[PDB]
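Next come the chains, spelled out residue by residue.
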Amino acid sequence: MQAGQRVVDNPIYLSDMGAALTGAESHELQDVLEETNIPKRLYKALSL
Amino acid sequence: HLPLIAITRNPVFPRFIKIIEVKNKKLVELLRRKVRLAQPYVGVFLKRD
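Per chain, the count goes from 1 following the written sequence and can depart from the entry's numbering; residues without coordinates do not appear at all. Think of it this way: whatever chain is written first is A, whatever ligand is written first is 1, and the rest follow in order. For clarity, the chains displayed are a part of a larger assembly, and the values are limited to that part. Hydrogens and waters are ignored; side-chain quantities use all the structure's heavy atoms.

Per the PDB record, this model was obtained through cryo-EM at a reported resolution of 15 Å.

Novice: Can you walk me through a nonpolar patch on the surface in this structure?
Specialist: A surface patch of nonpolar side chains, about 340 Å² in accessible area, is lined by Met-1, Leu-14 and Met-17 of chain A. Each helix corresponds to a stretch of at least 4 residues labelled H or I by DSSP, and each strand to a stretch of at least 2 residues labelled E; elements are numbered beginning at the N terminus. Topologically, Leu-14 of chain A is positioned in helix α1 (residues 11-20). Any residue with relative accessible area above 30% and no salt bridge may belong to a patch, with like charges joined within 9 Å and the nonpolar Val, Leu, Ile, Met, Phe, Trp and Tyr side chains within 5 Å. Here the open area of atoms and residues is found with the Shrake-Rupley method and a 1.4 Å probe, where only the protein chains shown may cover a residue. The term salt bridge refers to a pairing of a side-chain nitrogen on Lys or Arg with a carboxyl oxygen on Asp or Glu at a separation within 4 Å.

Novice: What am I meant to see in the interface of chain A and chain B here?
Specialist: Where the parts come together, the accessible area they lose is often given as the size of the interface. On the chain B side, the residues contacting the five residues of chain A number five residues. Accessible-area loss on putting two parts together, using a 1.4 Å probe and summing over both, is the definition of buried area adopted here. Both faces considered, chain A and chain B share a buried interface measuring about 370 Å² in area, 44% of it formed by carbon and sulfur atoms. On inspection of chain A and its partner chain B, the count reaches one salt bridge. Any N or O atom pair separated by 3.5 Å or less is treated as a polar contact, with the protein-specific requirement of one donor-capable and one acceptor-capable atom, and with residues adjacent in sequence counted only for side-chain atom pairs. On the surface where chain A and chain B come into contact, there are zero residue pairs in polar contact. Any two residues having at least one pair of non-hydrogen atoms within 4.5 Å are treated as being in contact.

Below you can see the structure in the form of structure tokens.
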């Protein structure tokens, strides 16, 4: 699953999969799942 | 002398190796029907919006 293969048919899953690598406590994960807007979840996932 | 292919959101820049993965299986029928021919080949075109 590379970014150059264009096989990321579901970007939401790729952002979620990238946020899954974070070691943040479960609460942070629940809060990020609560987020609905896209730049906030990408921004927060990067922050984590 | 083949009908046009279904690009389906896949840019193939000139002189740039690319991979195409359509989910439908009907284009594979066209890929297997060309195996008995001496020279097998295909063309690449671009889509509009």
